[PDB]
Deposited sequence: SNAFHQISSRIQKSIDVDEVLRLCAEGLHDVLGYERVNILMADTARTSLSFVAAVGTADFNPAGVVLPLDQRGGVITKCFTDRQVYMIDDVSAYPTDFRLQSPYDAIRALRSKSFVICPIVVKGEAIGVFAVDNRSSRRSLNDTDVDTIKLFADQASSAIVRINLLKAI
């Protein structure tokens, strides 16, 4: 009802990218009910990731969290590189290059064993990711998240034009 439209209206009106991304994550948490919604954005040189939203994780302020965008990123780095969506059941059942290494693995927001990574793609390049999980608990979930990443992406192009 009322909830999805307010979220939608406030993104279209937004003129700050970090705010659009925070609203995307709030949308997905409050309106669609996913427990944890993280958004990570690459820096211009594409060698670091900063956290912009970590909805559903408490006692965590991401400010000044930079994460190396290399092999220590595990499946998150693979997403930036290949722009695929990863649906992970139990990340230990996967190749060695999936596991988040340190510093990623000392961050409660990132410590789930099952989850979805969805790239935010502008100009043929993943410029960030949504990482979503239900720690306390499919393709229609993916598609729904992709929608929000699509909207994030269009809002980034649009805000940047302004």
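According to the record, C-alpha coordinates are lacking for deposited residues 138-141, 167-169.
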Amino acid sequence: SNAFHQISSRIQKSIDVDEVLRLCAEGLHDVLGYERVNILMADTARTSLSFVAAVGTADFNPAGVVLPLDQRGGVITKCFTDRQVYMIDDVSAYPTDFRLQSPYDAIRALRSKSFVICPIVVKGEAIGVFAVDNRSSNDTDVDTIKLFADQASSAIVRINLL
From here on, numbers count along this sequence of modelled residues.
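The deposited model assigns a higher average Cα B-factor to 60-68 than to the other stretch when 60-68 and 99-107 are compared.
Taking the PDB entry as given, 25-33 carries the higher mean Cα B factor of the two stretches 49-57 and 25-33. For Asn38, the recorded CA temperature factor ranks within the lowest third of the chain's modelled residues. Per-chain ranking of the deposited C-alpha B factor places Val142 in the highest third. When the modelled residues of the chain are ordered by C-alpha B-factor, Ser153 sits in the lowest third.
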